[PDB]
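Please read the structure below before turning to the comments.
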Amino acid sequence: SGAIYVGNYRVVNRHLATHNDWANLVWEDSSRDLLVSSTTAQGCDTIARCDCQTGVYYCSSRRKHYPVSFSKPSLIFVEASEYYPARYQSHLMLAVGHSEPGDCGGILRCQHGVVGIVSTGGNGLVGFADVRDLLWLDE
Ligand SMILES: NC(=O)[C@H]1CCCN(C(=O)[C@@H]2CCNc3[nH]ncc32)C1
Ligand SMILES: [Zn+2]
């Protein structure tokens, strides 16, 4: 679990969105595994606006942060799960690292701010849904 709170928005993995998230829906994209809902309380996370390929992510299944090198956002094949059929997930970045189901939502950060959130795992890889292209999150 985990979310990004920036301005009047809450960013979460679409497969983990709640009833309240869907009742206050702003934007969702099944191909990216992202959903943004509106909030009443103001958020203070900073979104990175960059092309960094190194950062640190929080891994809840180890209660640790790990430094990683990660790929640029791209369409990557993701195995079928109970939430989606087998498909290409877009705007996904992979790194070598630990990620098990409950790790989704863990933030990936570089020196400039929030880069994205954990969205996939398995086979010793961790995939992060990028949020750096969502320029409207700040306006
Ligand atoms: N974005 C998606 O389609 C994800 C939907 C939930 C299931 N997915 C996974 O990869 C999980 C997530 C955490 N890591 C992990 N390690 N082994 C399996 C898994 C795919
Ligand atoms: Zn950066």
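Identifiers for the structure tokens are assigned positionally: chains receive A, B, ... in sequence, residues are indexed from 1 per chain, and ligands are indexed from 1 in the order shown.
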Residues at most 9 Å from region 54-64 of chain A, counting only C-alpha atoms, excluding those fewer than 2 positions away in the same chain, as a compact mmCIF listing (two decimals) with N, CA, C and O atoms, in the first residue's frame?
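Generated file (result-v4.txt):
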```
# COMPACT_ATOMS: atom_id res chain seq x y z
N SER A 1 0.82 -1.22 0.00
CA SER A 1 0.00 0.00 0.00
C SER A 1 0.86 1.27 0.00
O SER A 1 2.07 1.20 0.25
N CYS A 52 16.12 11.49 -14.34
CA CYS A 52 16.98 10.69 -13.46
C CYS A 52 16.71 9.21 -13.73
O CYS A 52 15.57 8.82 -13.95
N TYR A 66 15.90 1.18 -0.47
CA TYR A 66 16.96 0.66 -1.32
C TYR A 66 17.32 1.61 -2.43
O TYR A 66 16.45 2.13 -3.11
N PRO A 67 18.62 1.86 -2.64
CA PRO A 67 19.03 2.65 -3.81
C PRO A 67 18.98 1.76 -5.08
O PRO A 67 19.41 0.60 -5.03
N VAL A 68 18.49 2.29 -6.18
CA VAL A 68 18.36 1.54 -7.44
C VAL A 68 18.70 2.37 -8.68
O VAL A 68 18.46 3.58 -8.72
N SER A 69 19.12 1.68 -9.73
CA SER A 69 19.21 2.23 -11.09
C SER A 69 17.93 1.71 -11.77
O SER A 69 17.57 0.54 -11.57
N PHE A 70 17.23 2.55 -12.52
CA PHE A 70 15.97 2.10 -13.14
C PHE A 70 15.89 2.51 -14.59
O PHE A 70 16.55 3.47 -15.00
N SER A 71 15.09 1.75 -15.39
CA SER A 71 15.03 2.03 -16.80
C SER A 71 14.14 3.26 -17.12
O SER A 71 13.41 3.72 -16.24
N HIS A 98 13.83 -6.06 -4.68
CA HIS A 98 12.77 -6.85 -4.10
C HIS A 98 11.43 -6.16 -4.13
O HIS A 98 11.32 -4.98 -3.80
N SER A 99 10.41 -6.88 -4.54
CA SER A 99 9.06 -6.36 -4.59
C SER A 99 8.10 -7.53 -4.53
O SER A 99 8.15 -8.40 -5.41
N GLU A 100 7.28 -7.62 -3.46
CA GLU A 100 6.22 -8.61 -3.34
C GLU A 100 4.83 -7.90 -3.28
O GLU A 100 4.78 -6.67 -3.19
N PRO A 101 3.69 -8.60 -3.50
CA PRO A 101 2.40 -7.89 -3.72
C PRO A 101 2.08 -6.63 -2.88
O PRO A 101 1.71 -5.56 -3.43
N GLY A 102 2.19 -6.75 -1.56
CA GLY A 102 1.94 -5.65 -0.63
C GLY A 102 2.91 -4.48 -0.72
O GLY A 102 2.74 -3.47 -0.04
N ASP A 103 3.95 -4.59 -1.57
CA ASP A 103 4.90 -3.50 -1.78
C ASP A 103 4.39 -2.41 -2.71
O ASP A 103 5.01 -1.32 -2.75
N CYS A 104 3.31 -2.67 -3.46
CA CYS A 104 2.78 -1.62 -4.38
C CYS A 104 2.41 -0.38 -3.60
O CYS A 104 1.88 -0.50 -2.48
N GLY A 105 2.72 0.77 -4.15
CA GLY A 105 2.43 2.02 -3.47
C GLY A 105 3.67 2.65 -2.81
O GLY A 105 3.67 3.85 -2.48
N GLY A 106 4.72 1.86 -2.60
CA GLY A 106 5.97 2.38 -2.05
C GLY A 106 6.57 3.41 -3.00
O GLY A 106 6.58 3.21 -4.23
N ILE A 107 6.99 4.55 -2.45
CA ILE A 107 7.49 5.64 -3.29
C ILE A 107 8.93 5.44 -3.72
O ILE A 107 9.77 4.99 -2.92
N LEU A 108 9.21 5.85 -4.97
CA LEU A 108 10.56 5.94 -5.55
C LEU A 108 10.88 7.44 -5.64
O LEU A 108 10.06 8.23 -6.15
N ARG A 109 12.05 7.85 -5.09
CA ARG A 109 12.39 9.28 -5.07
C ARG A 109 13.80 9.49 -5.56
O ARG A 109 14.67 8.71 -5.25
N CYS A 110 14.04 10.60 -6.25
CA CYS A 110 15.39 11.01 -6.65
C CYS A 110 15.67 12.36 -5.92
O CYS A 110 14.84 12.83 -5.12
N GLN A 111 16.82 13.02 -6.20
CA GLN A 111 17.14 14.31 -5.57
C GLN A 111 16.08 15.39 -5.86
O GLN A 111 15.95 16.34 -5.08
N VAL A 115 9.34 10.28 -7.92
CA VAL A 115 9.44 9.84 -9.31
C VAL A 115 8.22 8.97 -9.73
O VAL A 115 7.68 9.08 -10.83
N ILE A 117 5.63 5.19 -8.17
CA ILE A 117 5.30 4.26 -7.09
C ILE A 117 5.46 2.82 -7.56
O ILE A 117 5.27 2.51 -8.73
N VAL A 118 5.81 1.90 -6.62
CA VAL A 118 5.93 0.51 -6.96
C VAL A 118 4.57 0.00 -7.55
O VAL A 118 3.50 0.26 -7.00
```
Per residue of chain A within 9 Å of ligand 1, note the shortest atom pair and the distance in Å to one decimal, counting only C-alpha atoms and all ligand atoms, and order the rows by chain and increasing residue number, as JSON lines.
```
{"residue": "A:13", "atom": "CA", "partner": "ligand 1", "partner_atom_place_in_ligand_line": "1 (N)", "distance": 7.8}
{"residue": "A:14", "atom": "CA", "partner": "ligand 1", "partner_atom_place_in_ligand_line": "1 (N)", "distance": 8.5}
{"residue": "A:15", "atom": "CA", "partner": "ligand 1", "partner_atom_place_in_ligand_line": "5 (C)", "distance": 6.4}
{"residue": "A:16", "atom": "CA", "partner": "ligand 1", "partner_atom_place_in_ligand_line": "6 (C)", "distance": 8.7}
{"residue": "A:30", "atom": "CA", "partner": "ligand 1", "partner_atom_place_in_ligand_line": "3 (O)", "distance": 8.8}
{"residue": "A:31", "atom": "CA", "partner": "ligand 1", "partner_atom_place_in_ligand_line": "3 (O)", "distance": 8.6}
{"residue": "A:32", "atom": "CA", "partner": "ligand 1", "partner_atom_place_in_ligand_line": "1 (N)", "distance": 7.5}
{"residue": "A:33", "atom": "CA", "partner": "ligand 1", "partner_atom_place_in_ligand_line": "1 (N)", "distance": 5.5}
{"residue": "A:34", "atom": "CA", "partner": "ligand 1", "partner_atom_place_in_ligand_line": "1 (N)", "distance": 8.9}
{"residue": "A:78", "atom": "CA", "partner": "ligand 1", "partner_atom_place_in_ligand_line": "3 (O)", "distance": 6.0}
{"residue": "A:79", "atom": "CA", "partner": "ligand 1", "partner_atom_place_in_ligand_line": "20 (C)", "distance": 6.9}
{"residue": "A:80", "atom": "CA", "partner": "ligand 1", "partner_atom_place_in_ligand_line": "3 (O)", "distance": 7.3}
{"residue": "A:81", "atom": "CA", "partner": "ligand 1", "partner_atom_place_in_ligand_line": "7 (C)", "distance": 5.4}
{"residue": "A:82", "atom": "CA", "partner": "ligand 1", "partner_atom_place_in_ligand_line": "7 (C)", "distance": 7.3}
{"residue": "A:83", "atom": "CA", "partner": "ligand 1", "partner_atom_place_in_ligand_line": "5 (C)", "distance": 5.9}
{"residue": "A:84", "atom": "CA", "partner": "ligand 1", "partner_atom_place_in_ligand_line": "3 (O)", "distance": 6.0}
{"residue": "A:85", "atom": "CA", "partner": "ligand 1", "partner_atom_place_in_ligand_line": "3 (O)", "distance": 8.2}
{"residue": "A:86", "atom": "CA", "partner": "ligand 1", "partner_atom_place_in_ligand_line": "3 (O)", "distance": 8.1}
{"residue": "A:87", "atom": "CA", "partner": "ligand 1", "partner_atom_place_in_ligand_line": "3 (O)", "distance": 8.1}
{"residue": "A:88", "atom": "CA", "partner": "ligand 1", "partner_atom_place_in_ligand_line": "3 (O)", "distance": 8.9}
{"residue": "A:89", "atom": "CA", "partner": "ligand 1", "partner_atom_place_in_ligand_line": "1 (N)", "distance": 7.0}
{"residue": "A:92", "atom": "CA", "partner": "ligand 1", "partner_atom_place_in_ligand_line": "1 (N)", "distance": 8.8}
{"residue": "A:98", "atom": "CA", "partner": "ligand 1", "partner_atom_place_in_ligand_line": "16 (N)", "distance": 8.0}
{"residue": "A:99", "atom": "CA", "partner": "ligand 1", "partner_atom_place_in_ligand_line": "14 (N)", "distance": 4.6}
{"residue": "A:100", "atom": "CA", "partner": "ligand 1", "partner_atom_place_in_ligand_line": "16 (N)", "distance": 3.7}
{"residue": "A:101", "atom": "CA", "partner": "ligand 1", "partner_atom_place_in_ligand_line": "13 (C)", "distance": 3.3}
{"residue": "A:102", "atom": "CA", "partner": "ligand 1", "partner_atom_place_in_ligand_line": "13 (C)", "distance": 6.1}
{"residue": "A:103", "atom": "CA", "partner": "ligand 1", "partner_atom_place_in_ligand_line": "13 (C)", "distance": 5.5}
{"residue": "A:104", "atom": "CA", "partner": "ligand 1", "partner_atom_place_in_ligand_line": "13 (C)", "distance": 5.4}
{"residue": "A:118", "atom": "CA", "partner": "ligand 1", "partner_atom_place_in_ligand_line": "13 (C)", "distance": 7.3}
{"residue": "A:119", "atom": "CA", "partner": "ligand 1", "partner_atom_place_in_ligand_line": "1 (N)", "distance": 4.6}
{"residue": "A:120", "atom": "CA", "partner": "ligand 1", "partner_atom_place_in_ligand_line": "10 (O)", "distance": 3.4}
{"residue": "A:121", "atom": "CA", "partner": "ligand 1", "partner_atom_place_in_ligand_line": "14 (N)", "distance": 3.2}
{"residue": "A:122", "atom": "CA", "partner": "ligand 1", "partner_atom_place_in_ligand_line": "17 (N)", "distance": 3.8}
{"residue": "A:123", "atom": "CA", "partner": "ligand 1", "partner_atom_place_in_ligand_line": "17 (N)", "distance": 7.5}
{"residue": "A:124", "atom": "CA", "partner": "ligand 1", "partner_atom_place_in_ligand_line": "16 (N)", "distance": 8.5}
{"residue": "A:125", "atom": "CA", "partner": "ligand 1", "partner_atom_place_in_ligand_line": "16 (N)", "distance": 8.2}
{"residue": "A:126", "atom": "CA", "partner": "ligand 1", "partner_atom_place_in_ligand_line": "14 (N)", "distance": 6.9}
{"residue": "A:127", "atom": "CA", "partner": "ligand 1", "partner_atom_place_in_ligand_line": "10 (O)", "distance": 7.8}
{"residue": "A:128", "atom": "CA", "partner": "ligand 1", "partner_atom_place_in_ligand_line": "1 (N)", "distance": 8.6}
{"residue": "A:129", "atom": "CA", "partner": "ligand 1", "partner_atom_place_in_ligand_line": "1 (N)", "distance": 8.0}
```
Selection to disk with C-alpha atoms, as a PDB file, in the first residue's frame:
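Below is the file result_8.pdb, written as the result:
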```
ATOM      1  CA  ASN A  13      -2.120   2.204  -7.767  1.00  0.00           C
ATOM      2  CA  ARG A  14      -5.392   1.808  -9.738  1.00  0.00           C
ATOM      3  CA  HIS A  15      -5.716  -1.839  -8.602  1.00  0.00           C
ATOM      4  CA  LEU A  16      -5.685  -0.699  -4.943  1.00  0.00           C
ATOM      5  CA  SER A  30      -5.640   1.036 -16.563  1.00  0.00           C
ATOM      6  CA  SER A  31      -2.632   0.755 -18.947  1.00  0.00           C
ATOM      7  CA  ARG A  32      -0.445   2.637 -16.384  1.00  0.00           C
ATOM      8  CA  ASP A  33      -2.010   1.128 -13.179  1.00  0.00           C
ATOM      9  CA  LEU A  34      -2.626   4.736 -11.940  1.00  0.00           C
ATOM     10  CA  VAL A  78       3.190  -7.697 -17.297  1.00  0.00           C
ATOM     11  CA  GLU A  79       1.912 -11.213 -16.478  1.00  0.00           C
ATOM     12  CA  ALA A  80      -1.826 -11.772 -15.913  1.00  0.00           C
ATOM     13  CA  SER A  81      -2.983 -11.234 -12.309  1.00  0.00           C
ATOM     14  CA  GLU A  82      -6.367 -11.153 -10.467  1.00  0.00           C
ATOM     15  CA  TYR A  83      -6.559  -7.385 -11.294  1.00  0.00           C
ATOM     16  CA  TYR A  84      -5.598  -7.397 -15.002  1.00  0.00           C
ATOM     17  CA  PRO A  85      -5.285  -9.837 -17.919  1.00  0.00           C
ATOM     18  CA  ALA A  86      -1.742 -10.298 -19.407  1.00  0.00           C
ATOM     19  CA  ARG A  87      -0.932  -6.938 -21.085  1.00  0.00           C
ATOM     20  CA  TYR A  88       1.644  -4.237 -21.856  1.00  0.00           C
ATOM     21  CA  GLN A  89       1.762  -1.692 -18.990  1.00  0.00           C
ATOM     22  CA  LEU A  92       6.732   1.518 -16.384  1.00  0.00           C
ATOM     23  CA  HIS A  98      12.769  -6.853  -4.095  1.00  0.00           C
ATOM     24  CA  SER A  99       9.059  -6.365  -4.586  1.00  0.00           C
ATOM     25  CA  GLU A 100       6.216  -8.607  -3.342  1.00  0.00           C
ATOM     26  CA  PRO A 101       2.399  -7.887  -3.720  1.00  0.00           C
ATOM     27  CA  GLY A 102       1.936  -5.646  -0.633  1.00  0.00           C
ATOM     28  CA  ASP A 103       4.899  -3.500  -1.776  1.00  0.00           C
ATOM     29  CA  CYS A 104       2.778  -1.623  -4.378  1.00  0.00           C
ATOM     30  CA  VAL A 118       5.929   0.505  -6.956  1.00  0.00           C
ATOM     31  CA  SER A 119       3.482  -1.238  -9.337  1.00  0.00           C
ATOM     32  CA  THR A 120       5.027  -4.651 -10.307  1.00  0.00           C
ATOM     33  CA  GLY A 121       7.463  -7.282  -8.946  1.00  0.00           C
ATOM     34  CA  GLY A 122       8.725 -10.861  -9.083  1.00  0.00           C
ATOM     35  CA  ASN A 123      11.824 -12.557 -10.569  1.00  0.00           C
ATOM     36  CA  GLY A 124      14.091 -10.202  -8.585  1.00  0.00           C
ATOM     37  CA  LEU A 125      12.785  -7.113 -10.407  1.00  0.00           C
ATOM     38  CA  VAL A 126      10.698  -4.153  -9.209  1.00  0.00           C
ATOM     39  CA  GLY A 127       8.635  -1.986 -11.571  1.00  0.00           C
ATOM     40  CA  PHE A 128       7.572   1.602 -10.835  1.00  0.00           C
ATOM     41  CA  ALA A 129       4.682   3.491 -12.422  1.00  0.00           C
TER      42      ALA A 129
END
```
(request) Quick one: everything within 12 Å of residue 138 (chain A), counting only C-alpha atoms, minus sequence neighbours fewer than 4 positions away in the same chain. Send it as a PyMOL selection string. (result) chain A and resi 5-10+42-49+131-134
(request) Grab the CA of residue 27 (chain A) to CA of residue 11 (chain A) distance for me, in Å with one decimal place. (result)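 Between these atoms lies a distance of 9.6 Å.
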(request) Output as a ChimeraX atom specification all residues of chain A that backbone DSSP marks as strand (DSSP E or B). (result) /A:4-13,25-29,34-44,47,54-59,64-69,74-78,87-96,107-110,113-122,125-130
(message) Measuring between only C-alpha atoms, which one of A:75, A:36, A:21, A:113 shows the shortest distance to residue 51 (chain A)?
(response)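 Of A:75, A:36, A:21, A:113, the one nearest residue 51 (chain A), counting only C-alpha atoms, is A:113.
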(message) Ranking A:53, A:136, A:77, A:39 by minimum distance to ligand 2 and counting only C-alpha atoms and all ligand atoms, which one comes first?
(response)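 Nearest to ligand 2: A:53.
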(message) Can you pull out the residues contacting residue 73 (chain A)? Cut-off 7 Å, using only C-alpha atoms, and skip same-chain residues under 4 positions away; I want them as JSON, numbers by chain.
(response) {"A": [91, 92, 93, 130]}
(request) Using backbone DSSP assignments, extract all helix (DSSP H, G or I) residues from chain A; output them as a VMD selection string. (result) chain A and resid 14 to 16 19 to 23 101 to 103 135 to 138
(request) Rank A:96, A:4, A:19, A:72 by their smallest atom-to-atom distance to ligand 2, using only C-alpha atoms and all ligand atoms, and report the top residue only. (result)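 Smallest separation from ligand 2 among the options: A:72.
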(request) Give me the residues within 8 Å of residue 26 (chain A) as an NGL selection string, counting only C-alpha atoms and dropping any in the same chain fewer than 3 places off. (result) :A and (35-38)
(request) Determine the nearest neighbour of ligand 2 from the options A:114, A:50, A:94, A:76, counting only C-alpha atoms and all ligand atoms. (result)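 The closest residue to ligand 2 is A:50.
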